[PDB]
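K.L.:
So I've got this experimental structure, pasted below with the sequence.
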Amino acid sequence: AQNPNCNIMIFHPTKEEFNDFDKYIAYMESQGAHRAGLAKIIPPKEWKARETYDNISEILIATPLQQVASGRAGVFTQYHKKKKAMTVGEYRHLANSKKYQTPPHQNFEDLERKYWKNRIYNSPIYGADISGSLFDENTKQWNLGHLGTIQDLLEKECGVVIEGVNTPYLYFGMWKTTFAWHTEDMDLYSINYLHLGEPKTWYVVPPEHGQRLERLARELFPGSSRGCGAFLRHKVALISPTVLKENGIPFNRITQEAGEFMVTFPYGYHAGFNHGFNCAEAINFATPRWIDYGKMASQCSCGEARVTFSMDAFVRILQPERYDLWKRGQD
Ligand SMILES: O=C(O)CNC(=O)C(=O)O
Ligand SMILES: [Mg+2]
Ligand code: NI
Ligand SMILES: [Zn+2]
């Protein structure tokens, strides 16, 4: 078995290997990459996402989210308070202000220490989940707006044609902006490209050990667990590496820098934080190997998770027994 310790693997495809996206994902899996839940892909030196980032300031962040924490430093939830709209230029200025800017630090490890010590005492503002793309239309390789759609994959594998669409999302971050522990909708893959700015630190639990994280989460968030049998789908709970280690949960960590891709694999729980002002683009995707994960994915039916239009068909076709309860949660 390849990669039996479930380490995060880093790949350096050549320009020729960067042509065929599906083929390269299957290659990475042949080397055991998926066992970690997360892989890094460094593009060939010849590649670029677009020519420059000099003209992005007028993008609108219609609903910036202030991420307010509750709990203790290593075990907390966050809720998202909606703020007034602002442009990317306005948000960048805000991220760089004395109130929000990255503190002085020695290296990524020192910054990570500072994050976990101090995150809860601040409420950073995240421009998350903005439909759109920063890839140039002429970028033919690993262009996250030109991937094969999940609806087409389901139709290719299973023969059933379904409604729905699959488009990317932009994320504008600042210091301490946080992504809570989660797997993707329907335990899909994700791919995330860090277009510009400061790094993003990731934590990940191997898919084969995801239920260990779920059992810890139920212990640490016991009211939430009584409320919903899949409350990590709410995407609000944080648990620090120190607490994971104290409880014997297998995990790994890595820092993504600008110009790098990360892929999360089906049922790979992940969480993390941004180091300073940045912009990422991410989208969900599927492969043949996903289908079995999609059929077994947990679902939130309590009403909290509320998701896209296109998840309806995935539940309806892959999980018909669960469909009626899940759809009630959507309505
Ligand atoms: O970058 C973020 O805030 C969150 N991203 C992801 O969870 C992802 O790409 O799957
Ligand atoms: Mg602009
Ligand atoms: Ni994710
Ligand atoms: Zn729920």
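P.N.:
Alright, I've got the coordinates. Residues are numbered from 1 along each chain as shown. Ligands and ions are numbered 1, 2, ... in the order given.
K.L.:
Quick check: residue 160 touching residue 154?
P.N.:
Yes. Using Cβ atoms under 8 Å, residue 160 is in contact with residue 154, at 6.6 Å. Just so you know, the C-beta spots here come from the backbone N, C-alpha and C atoms, and that holds for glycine as well.
K.L.:
These two - which one has more neighbours?
P.N.:
A direct count of neighbours by other Cβ atoms under 10 Å for residue 160 and residue 154 places residue 154 higher, at 22 against 12.
K.L.:
Where does that one sit: helix, strand or coil?
P.N.:
Secondary structure, DSSP: H, G, I helix; E, B strand; the rest coil: residue 154 is helix.
K.L.:
which residues does it contact?
P.N.:
Counting by Cβ atoms under 8 Å, 6 or more residues apart in numbering, residue 154 touches 160, 162, 286, 291, 313-314, 317.
K.L.:
Ligand 1: which of the residues you listed is nearest?
P.N.:
Comparing the contacts of residue 154 against ligand 1 with Cβ to the nearest ligand atom places residue 286 closest, at 13.8 Å.
K.L.:
is it true that the closest one touches residue 188?
P.N.:
Yes. Counting by Cβ under 8 Å, residue 188 is a contact partner of residue 286 at 5.9 Å.
K.L.:
now the most far-flung residue of the chain relative to its centre: how far from ligand 1?
P.N.:
Within the chain, residue 159 marks the point farthest from the mean C-alpha position, 28.8 Å out by Cα atoms, centre = their mean. For residue 159, the distance to ligand 1 (Cβ to the nearest ligand atom, to the nearest Å) stands at 28 Å.
K.L.:
Over to residue 253?
P.N.:
Look at residue 253 and ligand 1: by Cβ to the nearest ligand atom, they are 15 Å apart.
K.L.:
what do you get for residue 252?
P.N.:
15 Å.
K.L.:
Now that residue. Nearest residue, chain neighbours left out?
P.N.:
Nearest residue to residue 252 in three dimensions, chain neighbours excluded: residue 8, at 4.9 Å (Cβ to Cβ, 6 or more residues apart in numbering).
K.L.:
about what we covered before: mind listing the shared neighbours of residue 286 and residue 188?
P.N.:
Counting by Cβ under 8 Å, 6+ apart, the residues touching both residue 286 and residue 188 are 150, 294.
K.L.:
if I look at the closest residue to residue 167 other than its chain neighbours, how far off is ligand 4?
P.N.:
Counting by Cβ to Cβ, 6+ apart, residue 131 is the residue found nearest to residue 167 once chain neighbours are left out, at 5.8 Å. Relative to ligand 4, residue 131 is positioned 24 Å away (Cβ to the ion, to the nearest Å).
K.L.:
Now for the residue of the stretch 51-200 of the chain found nearest ligand 4, how many residues are close by?
P.N.:
Across the stretch 51-200 of the chain, no residue is closer to ligand 4 than residue 182, which sits at 12.2 Å (Cβ to the ion). Neighbours of residue 182 under the rule other Cβ under 10 Å: 19.
K.L.:
Likewise for residue 307?
P.N.:
If you count neighbours by other Cβ under 10 Å, residue 307 ends up with 17.
K.L.:
What sits closest to it if chain neighbours are left out?
P.N.:
Per Cβ to Cβ, 6+ apart, closest to residue 307 is residue 185, 5.6 Å.
K.L.:
Helices along this protein, start to end?
P.N.:
For the chain, the helices defined by DSSP state H cover 21-30, 88-95, 108-118, 150-158, 210-220, 222-227, 241-246, 290-296, 311-318, 320-330.
K.L.:
so which of these gets nearest ligand 2?
P.N.:
Of all those, the one in closest proximity to ligand 2, counting by Cβ to the ion, is helix 88-95 (6.7 Å).
K.L.:
contacting residues around that closest one?
P.N.:
Residues outside helix 88-95 that contact it (Cβ under 8 Å, 6+ apart): 56-61, 64, 86, 100-101, 125, 127, 172-175, 276-277, 279.
K.L.:
Right, I'll leave it there.
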